[PDB]
Amino acid sequence: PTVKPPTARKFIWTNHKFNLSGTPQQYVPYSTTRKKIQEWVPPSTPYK
Amino acid sequence: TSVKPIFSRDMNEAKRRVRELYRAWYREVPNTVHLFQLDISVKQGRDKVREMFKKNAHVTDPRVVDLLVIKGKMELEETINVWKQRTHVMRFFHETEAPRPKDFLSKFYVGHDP
Amino acid sequence: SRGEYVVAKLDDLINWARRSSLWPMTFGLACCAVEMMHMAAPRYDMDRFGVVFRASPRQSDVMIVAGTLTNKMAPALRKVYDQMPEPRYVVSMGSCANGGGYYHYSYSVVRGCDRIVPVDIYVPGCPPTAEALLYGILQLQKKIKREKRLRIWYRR
Amino acid sequence: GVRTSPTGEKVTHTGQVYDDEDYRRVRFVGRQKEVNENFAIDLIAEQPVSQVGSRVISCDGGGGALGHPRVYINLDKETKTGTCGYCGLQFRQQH
Amino acid sequence: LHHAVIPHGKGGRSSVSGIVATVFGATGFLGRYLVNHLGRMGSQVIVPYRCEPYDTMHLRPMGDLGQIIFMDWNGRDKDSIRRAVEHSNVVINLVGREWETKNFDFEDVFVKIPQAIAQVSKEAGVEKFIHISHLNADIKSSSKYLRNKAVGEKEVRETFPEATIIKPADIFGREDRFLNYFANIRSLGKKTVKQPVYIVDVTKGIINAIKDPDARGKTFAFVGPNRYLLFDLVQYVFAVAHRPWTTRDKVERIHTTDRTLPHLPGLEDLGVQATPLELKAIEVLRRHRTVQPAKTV
Amino acid sequence: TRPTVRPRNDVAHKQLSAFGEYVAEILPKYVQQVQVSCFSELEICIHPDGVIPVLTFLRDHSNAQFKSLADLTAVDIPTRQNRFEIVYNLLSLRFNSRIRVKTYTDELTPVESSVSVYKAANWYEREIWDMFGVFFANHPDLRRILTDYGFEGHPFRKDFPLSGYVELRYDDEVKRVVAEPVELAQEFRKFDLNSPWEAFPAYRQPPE
Amino acid sequence: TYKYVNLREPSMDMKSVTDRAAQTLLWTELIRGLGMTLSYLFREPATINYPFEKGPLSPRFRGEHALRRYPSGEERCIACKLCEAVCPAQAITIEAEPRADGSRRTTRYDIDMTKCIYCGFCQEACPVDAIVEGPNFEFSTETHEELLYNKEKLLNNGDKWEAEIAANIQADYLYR
Amino acid sequence: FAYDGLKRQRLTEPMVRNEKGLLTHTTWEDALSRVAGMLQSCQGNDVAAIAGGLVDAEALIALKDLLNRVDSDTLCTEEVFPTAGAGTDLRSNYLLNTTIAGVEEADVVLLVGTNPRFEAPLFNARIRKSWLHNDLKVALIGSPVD
Ligand SMILES: CCCCCCCCCCCCCCCCCC(=O)OC[C@H](COP(=O)(O)OCCN)OC(=O)CCCCCCCCCCCCCCCCC
Ligand SMILES: NC(=O)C1=CN([C@@H]2O[C@H](COP(=O)(O)OP(=O)(O)OC[C@H]3O[C@@H](n4cnc5c(N)ncnc54)[C@H](OP(=O)(O)O)[C@@H]3O)[C@@H](O)[C@H]2O)C=CC1
Ligand code: SF4
Ligand code: SF4
Ligand code: SF4
Ligand SMILES: [Zn+2]
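Quick look at the structure, then.

Definitions and limits used
- Here the residue numbering is sequential from 1 along each chain as its sequence is written and may not follow the entry numbering; residues with no coordinates are omitted from view.
- For this description, chains carry letters from A and ligands carry numbers from 1, given in the order in which they are written.
- Remark: the chains included constitute part of a larger assembly, and values are reported for the included chains only.
- Hydrogens are left out, water is left out, and the side-chain values use all remaining heavy atoms of the structure.
- A helix here means a DSSP run of H or I that spans at least four residues, while a strand means a run of E at least two residues long, and both kinds are numbered starting from the N terminus.
- Only protein chains enter the calculation, and the probe is 1.4 Å; a residue is then buried if its accessible area is under 20% of its type maximum, exposed if over 50%, and partly exposed in between.
- Note on areas: Shrake-Rupley with a 1.4 Å probe; residue coverage comes only from the protein chains shown.
- In what follows, a contact means two residues having at least one pair of non-hydrogen atoms within 4.5 Å.
- Once two parts are joined, some of their accessible surface, as seen by a 1.4 Å probe, is lost; buried area is that loss totalled over both.
- Residues are grouped as follows: nonpolar covers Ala, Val, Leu, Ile, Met, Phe, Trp, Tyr, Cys and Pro; charged covers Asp, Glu, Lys and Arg; every other residue, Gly included, is treated as polar.
- Each axis is a line fitted through C-alpha atoms, taken for helices only over the stretch in contact, and angles between the N-to-C directions span 0 to 180 degrees.
- Roughly parallel refers to an angle under 35 degrees, roughly antiparallel to one over 145, roughly perpendicular to one between 65 and 115, and oblique to any angle outside these ranges.
- Two helices cross in a left-handed way if the nearer one is turned anticlockwise from the farther one by less than a right angle. They cross in a right-handed way if the turn is clockwise.
- For this purpose, a residue is taken to be near a molecule or strand whenever a single non-hydrogen atom of the residue falls within 4 Å of it.
- Definition of a polar contact: a pair of N or O atoms within 3.5 Å, with one able to donate and the other able to accept a hydrogen when the atoms are protein atoms, and with sequence-neighbouring residues admitted only if both atoms are side-chain atoms.
- The donor set comprises N, O and S atoms within 2.8 Å of the metal, extended to 3.2 Å for Na, K and Ca; water molecules are omitted, so apparent gaps in a site may simply reflect that omission.
- For a four-donor site, all angles between 85 and 135 degrees give tetrahedral; for four or six donors, opposite pairs above 155 degrees with the remaining angles between 65 and 115 give square planar or octahedral; all remaining cases count as irregular.
- Aromatic pairing here means that ring centres of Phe, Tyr or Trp (its six-membered ring) are within 6.5 Å. Orientation follows from the plane angle: under 30 degrees is stacked, over 60 is edge-to-face, and everything else is tilted.
- As a reminder, the over-ring test applies to NZ of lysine and CZ of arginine, requiring each to be within 6 Å of the ring centre and within 35 degrees of the ring normal.
- In this analysis, strands are considered paired if DSSP registers two or more bridges between them.
- A pair is scored as a salt bridge if a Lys or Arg side-chain nitrogen falls within 4 Å of a carboxyl oxygen belonging to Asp or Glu.
- What is meant by a nonpolar core is a set of buried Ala, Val, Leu, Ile, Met, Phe, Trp, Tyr and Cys residues, joined one to another through side-chain atoms within 4.5 Å.
- For patches, a residue must show more than 30% relative accessible area and have no salt bridge; joins then use 9 Å for like charges and 5 Å for nonpolar side chains, namely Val, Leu, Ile, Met, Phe, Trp and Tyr.

Here we look at the overall build of chain A
Of regular secondary structure, chain A possesses zero helices and zero strands. Each principal axis of the C-alpha atoms in chain A carries an extent, and together these give about 80 × 30 × 15 Å. Buried positions account for 23% of the 48 residues belonging to chain A. For chain A, the accessible surface area stands at approximately 3700 Å², while carbon and sulfur atoms represent 59% of it.

A short note on the interface of chain C and chain E
Each partner contributes residues to the interface: chain C has 17 residues there, and chain E has 13 residues. Taking both sides of the interface into account, the surface hidden between chain C and chain E amounts to around 1300 Å²; carbon and sulfur atoms contribute 49%. Looking at the side of chain C facing chain E, the largest losses of area belong to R115, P118 and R156 of chain C, adding up to 41% of the total buried there. The element that contributes the greatest number of residues to the side of chain C that touches chain E is helix 6 (residues 149-154) of chain C, accounting for three residues. Of the residues contributing to the side of chain C that touches chain E, the split by class is seven nonpolar, no polar and 10 charged.

So, the packing of helix 2 (residues 78-85) of chain E against helix 3 (residues 106-122) of chain E
Residues and elements named next belong to chain E. With their axes 9 Å apart at the nearest point, helix 2 and helix 3 run at an angle of 55° to one another. With respect to helix 3, the element helix 2 is oriented oblique. You can see that helix 2 and helix 3 cross each other, and the crossing is right-handed. Facing helix 2, whose interface residues are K78, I81, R82 and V85, helix 3 presents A116, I117, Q119, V120 and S121. Tallied by class, residues from the contact of helix 2 with helix 3 come to five nonpolar, two polar and two charged.

Some words on the packing of helix 1 (residues 11-35) of chain B against helix 3 (residues 62-80) of chain B
Residue and element names in this part refer to chain B. For the pair helix 1 and helix 3, the least separation of the axes is 10 Å and the interaxial angle reads 20°. For the element pair helix 1 / helix 3, the angle class is roughly parallel. Regarding helix 1 and helix 3, the two cross each other, and that crossing is left-handed. Seen from helix 1, the contacting residues are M11, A14, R17, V18, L21, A24, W25, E28 and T32; seen from helix 3, they are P62, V65, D66, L68, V69, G72, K73, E75, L76, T79 and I80. Looking at the contact of helix 1 with helix 3 residue by residue, the class counts come to 12 nonpolar, three polar and five charged.

Quick notes on the site of ligand 1
Residue and element names in this part refer to chain C. Close contacts around ligand 1 come from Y5, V6, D12, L13, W16, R19 and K145, and that covers them all. Residue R19 places a side-chain N or O atom 3.1 Å away from an oxygen atom belonging to ligand 1. At 2.8 Å from an oxygen atom of ligand 1 is found a side-chain nitrogen or oxygen belonging to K145. At six residues, helix 1 (residues 2-19) tops the list of elements feeding residues into the shell around ligand 1.

A closer look at the coordination of the zinc ion (ligand 6)
Tetrahedral coordination by four donors puts the ideal angle at the metal at 109.5 degrees, and octahedral coordination by six puts it at 90 or 180 degrees. Every protein donor of the zinc ion (ligand 6) is accounted for by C59 of chain D (SG), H68 of chain D (NE2), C84 of chain D (SG) and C87 of chain D (SG), and the metal-donor separations fall at 2.0 to 2.3 Å. Coordination geometry of the zinc ion (ligand 6): the four donor atoms subtend angles of 100 to 129° at the metal centre, consistent with an arrangement described as tetrahedral.

Digging into helix 7 (residues 230-240) of chain E
All names here are of chain E. Of all 11 residues making up helix 7, eight are buried, and the element is well covered by its neighbours. Inspection of helix 7 places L230, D232, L233, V234, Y236, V237, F238 and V240 among the buried residues, and these make up the whole buried set. Where helix 7 ends, the next residue or the one after it, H242, has phi of about 60°, a positive value.

Structural notes on the packing of aromatic side chains
A complete count under the given rule lists 39 aromatic pairs over all chains for this structure. When the ring of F110 of chain E is compared with that of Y145 of chain E, the centres are 4.8 Å apart and the planes differ by 80°; the resulting orientation is edge-to-face. Of the two residues, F110 of chain E is situated in helix 3 and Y145 of chain E in helix 4 (residues 144-159); the sequence distance between them amounts to 35 residues. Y145 of chain E gets classed as buried once you look at its relative accessible area, which sits at 8%. Judged by centre distance (5.4 Å) and plane angle (40°), the rings of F172 of chain E and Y198 of chain E are tilted. One exposure class covers both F172 of chain E and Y198 of chain E, and it is buried. One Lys or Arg, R78 of chain C, reaches over the ring of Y170 of chain F and ends 3.6 Å from the middle of that ring. Cation over ring: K153 of chain G sits above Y149 of chain G, and NZ or CZ is 5.7 Å from the ring centre.

Notes on the sheet that holds strand 4 (residues 90-93) of chain E
Hydrogen bonding along the main chain pairs the strands of a sheet, whether they run parallel or antiparallel. All names here are of chain E. With parallel pairing, seven strands are arranged side by side in an open sheet as 3-2-1-4-5-6-10. With one partner strand each, in any of the chains shown, strand 3 (68-72) and strand 10 (219-222) form the two edges of the open sheet. Each strand axis lies, on average, 20° off the axis of its neighbour in the sheet, ignoring direction. Note: strand 1 (residues 20-24) against strand 4, four bridges, orientation parallel. Of the residues in strand 4, the one forming a bridge with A21 is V90.

Here's the deal with the interface of chain G and chain C
Many analyses report the size of an interface as the accessible area lost when the parts associate. Contacts between chain G and chain C engage 29 residues on the former and 33 residues on the latter. Together, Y50, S140 and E142 of chain G form the three largest contributors to the area buried by chain G at its contact with chain C, with a combined 28%. Counting the contacts that link chain G with chain C gives one salt bridge. For the interface between chain G and chain C, the tally reads 13 residue pairs in polar contact.

A closer look at the arrangement of the chains
In this assembly, 18 pairs of chains are in contact, and the pair with the greatest number of contacts comprises chains C and G. Taking C-alpha atoms as the reference, chain D and chain F come no closer than 17 Å and do not contact one another. At the level of C-alpha atoms, the two units chain G and chain H stay apart, their nearest approach being 14 Å.

Comments concerning unusual backbone geometry
That bond from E86 of chain C to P87 of chain C is cis: its omega, 0°, falls within 30 degrees of zero. Within the fold, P87 of chain C resides in the loop between helix 3 (74-82) and strand 3 (89-93). Residue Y50 of chain G is joined to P51 of chain G through a cis peptide bond whose omega torsion reads 0°. The residue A79 of chain G is not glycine, and still its phi comes out positive at about 60°. Following the sequence through the fold, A79 of chain G ends up in the loop between strand 1 (65-67) and helix 3 (82-85). The exposure class of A79 of chain G is buried, given its relative accessible area of 1%.

Some remarks on the nonpolar core
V23, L38, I92, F182, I206 and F222 of chain E are the most contacted members of the largest nonpolar core, which has 62 residues in total. Excluding residues that lie within four positions of it along the chain, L38 of chain E makes contacts with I19, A21, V23, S43, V45, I207 and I210 of chain E. Counting 58 residues, the second-largest nonpolar core is a separate cluster that includes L168 of chain F together with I92, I111 and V128 of chain G.

Remarks on the pairing of strand 9 (residues 176-181) of chain F
Residue and element names in this part refer to chain F. Taking burial as the measure, the six residues of strand 9 include five buried ones, the bulk of the element. Here six bridges tie strand 8 (residues 166-171) to strand 9, and the two strands are oriented antiparallel to one another. Counted as the bridge partner of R169 is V178 from strand 9. Turn length for the strand 8-strand 9 hairpin, with the two strands adjacent in sequence and antiparallel, is four residues, and the turn residue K175 shows positive phi of about 55°.

Details of a nonpolar patch on the surface
On the surface, a cluster of nonpolar side chains totalling about 500 Å² of accessible area is made up of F104, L105 and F108 of chain B together with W28 and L32 of chain H. Contributing elements (two or more residues each) for the nonpolar patch: helix 5 (104-110) of chain B together with helix 1 (28-40) of chain H. With three residues, helix 5 of chain B is the single largest residue contributor to the nonpolar patch. Mapped onto the elements of the fold, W28 of chain H is located in helix 1.

Section: the sheet that holds strand 2 (residues 92-98) of chain G
Residues and elements named next belong to chain G. In space, the three strands of this open sheet follow the order 2-3-5, with antiparallel pairing throughout. A single partner strand is all that each edge strand has here, and the edge strands are strand 2 and strand 5 (148-149). Taken strand by strand, helix 5 (residues 151-172) contacts strand 3 (104-112) and strand 5, and its axis lies near 90° from that of strand 3.

Remarks on the side chain of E138 of chain G
Locating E138 of chain G in the fold gives a position in the loop between strand 4 (131-133) and strand 5. We classify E138 of chain G as buried; its relative accessible area is 18%.

Here it is, written out as structure tokens:
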């Protein structure tokens, strides 16, 4: 990369991180979607 | 309705083979509890054998019970020769499984299964 | 304190001897055995890390589960695991040992060896290369390097 | 343009964040929620609208065979720009 | 009730039970089988561990992916306890030592740590709390163990008023220190009467106490079905095991009789039938081999 | 149709059609169909009472000499009343040729074991017991060969599910690998991929 | 068109008989084996010094997955689900919706790296070069669920390795 | 396009009135017990039912049998059909007796008091297909709707 540098981008990591597994910086998976079914919210006023 | 048999000509020879397979299992159960060092009693294993024979008691087809006798001889052969481990013998006893809901109301409470 | 320094240095000593003398028992289940045989081949050479080639399962220190675990062999895997002396470690090599892999939805495949044995290092690939498996072995060595058996024993 | 819930959790580019009373935040306890802080919806907004003198423009995302399938965009509406369906680069007829 | 904590599935490994459980002391003997029976339902089990992570490895195949969250904690750090219990809907305490150590005595393990866990679990909004005392816990007891455990039970009862407190008598099992104590002692026989309870019965009682809403604020006494004298119990242990580390607190507790508390419910009021000693003692003591049953009272 | 199309072998097609007529007229007691594929493979569909007389013929006859059993196969086709299709693949090293002997059975009718003709069949049809449930009569050691020891069901039957009914895990309560009913954390996603337009007009079946 | 391995009838003259007997009594082929082993003792071994020296790879190498971006920051994935229709392991789970500017974009892009067979049908089925299987092979984890990548982890692998991935695609794309 | 109301405003858990008079979530045991304790205290006209617009015949005959154990016949629908005369005894005076398909066989259709474009839009599509291909004569008694 000193002779032929990589083509720069605004989104490439300027700080390369090594393998973070076993550290508190490790990856934890999760569902990246929102909630599908919406529940009914009962009225906060009395019914009499 | 004229079919080729497996071993039995009618249900009497079929019940004879069922009965001899039951004799072989009944004799084998104490040896199985000993050499697999199972934590069940001999009576508990013999009750399991009686359960596995009464589960198929509704069958009136000689070919179907001939295949049940053949598969029972195969299971017995896997038991006597130590081909099963302790785990394969104890899979007849569904011991880690929680008891299933039986009546309507508990099946209603747990979920959607009929 | 003084005893905290002593248990720190003794942890460093015993972790050095345990990570620098790993003895693997490799389950040659499937295609991952070929790539473990390349991790023992001259290019990568596990033996220069103190990682011997094919220790017996009763003197080995780590069990490399290299291949597909089926339902017919899972009690044999658990038997060999129970017969290992402690400290014993488990490297899961390849997708079938990790999570079932290409045979995940099969009727006869244990969906990952972690349903059977506790796994320390999950090495991903189909197969992971001999360089990637050697990476997983060195990550296991780094995991042993930060063990605190005597420090936690001193603090209990 | 990452933002933050009242729980302190980062909201992703989808809009995903756990509720406060959701137990599944316990997976990030002692660890981190890996989010990507380059939101593509903001990064394609940063691109300028290309003034072209044609009526139909072709976009392949640049790079030739390293972009997307080449599409043709009509520029006869003057209220709306002509947005590419693949790369989001939007075009305008200059007249 | 939140949508993620609604139960789903058929109660298997990949199912959802809606039980978000923080088991303090899961690295021990009761926590082993408790995390087993929780994780096989599909419960979110949080394991706060104090020890080496290696000594938690057996807890890892006990549930589905992500259903056991290991995290560090200290008994004298309330911040770590809050970090462990702030998402749980049930907190089970199982912290115990048969012997007092240099950094923790019985007052630390049985009084300070359970009151800290119960206070932090009260002020974090945890619905259910389960405490595990001993059957023979008494202020005027001969052993320091049972005195401090009676003190800690009183403190847990007065800082979590709905705490299900459970009294096992003498838990036997594979990794126990009751039948494995007697098989490796090679103390004596007195007028001491015991009814030992089986560990799977205790685990089913704890999980049915989670599932029963009426078990809140109660106090259960998990006892075995058969009361034995100490002497013929020890002779039955040496009869099954094919035979011809201690302190005086354990000597006082082995010669302490298992009391009878009929005013407290037991295993049967949670729906658990008590498994007798003779159906499981061969399973326990088969490891010690290189039988006429014991006399009940 | 030169570069991208497979060349047709008319010489082998004529020779295999002639030898199929030969086998069909020597053994009319059992031969039900004889067909030759467009890529020149001869299939002799026979009656299941003539498994041994046909195969002993092709193995021993001086114009056949099918001395090799390459493969033995069952195929579950549930829309037939005889759902299992037993397929013998035979190799004549003398005449440098291959033949296919096909027959049928259902779950309950036994097929005669061909270990008296090809001892190679000893495991193959045993695998047909394990995967499909077809029983083979007068077999030396008929038992399972590939499934686990307590395995219920025959897996390559098409009514058997992809994942099974049970799955294993280690359980530390009973200190044992145990079987439980199968639950998948992600279900196998079923893809309906078939196009509603007819792909091959040559294979069109006549309507009702 | 064939040859006979081991069909040599040996000579029975006293010369060859005494040659074979001297081979029997003086262990000629055993010293030949010792000579070949001694020959490899003085060869330079083939051992590279890992981790400092690395095994040689090609730009086609199929390692860790990464979701890419166009050279403006816009992500290349237009939510078309070809990579999960082609996926032989069904390792890819995709759910999509129109985002706030109306672009066809994913909300769920999961790859189970423990189902994945690393065969690269996703990168060759992708019409817009979004999913690629990059050059990273040293990504072993300590936990099973760390190998269950969501869209955030894959876009971070893209942002992490783009300077290498773009050059590998640049070196290989005229073979594709 | 109404399948997305099928994922909003949904009832997911049993609700009972708490001590403040508000609906709070509860279990099935509590909710079924608090309904059944009131159902055991009813008899005759003390209990009745209203059937909504989207109820299957299984739940309809279920609740009919349940209220007939209490000796209650008062089970109603929202949509008013007159019980005068034959009522709901003969099926012929509350059905589309011809058929939806029978519109293709008619020659004169008289629509009375209905706007079938929005009340039964594919029934109106069948009337339009008969209008187009069979020269159907349609008359409407009611407001001049489109
Ligand atoms: C009161 C306080 C003291 C308490 C008692 C302790 C007395 C002294 C005991 C020995 C020294 C203890 C410290 C051990 C090493 C700690 C530092 C360490 O781990 O250094 C790592 C370094 C190699 O780095 P590494 O991580 O392997 O990197 C891989 C390659 N890049 O490692 C190295 O460079 C090599 C490390 C060698 C360790 C020491 C040598 C072996 C032990 C000799 C003494 C004991 C055995 C005596 C003889 C036994 C029978 C033969
Ligand atoms: N026979 C029995 O087992 C019976 C037990 N009980 C009670 O049940 C409870 C659990 O019993 P049991 O499993 O057998 O006991 P164990 O000693 O086997 O387990 C105790 C657990 O608590 C942890 N722990 C102990 N001391 C501390 C401390 N100072 N700080 C933090 N964690 C600590 C241990 O972790 P680590 O490994 O890190 O030390 C372990 O996980 C105890 O309170 C005991 O008194 C009651 C009746 C019978
Ligand atoms: S993960 Fe793949 S390549 Fe590796 S052993 Fe399994 S099937 Fe073979
Ligand atoms: S990664 Fe490519 S193939 Fe997969 S959905 Fe996105 S654009 Fe389509
Ligand atoms: S490399 Fe193959 S198995 Fe892996 S995600 Fe891509 S298509 Fe699926
Ligand atoms: Zn474009």
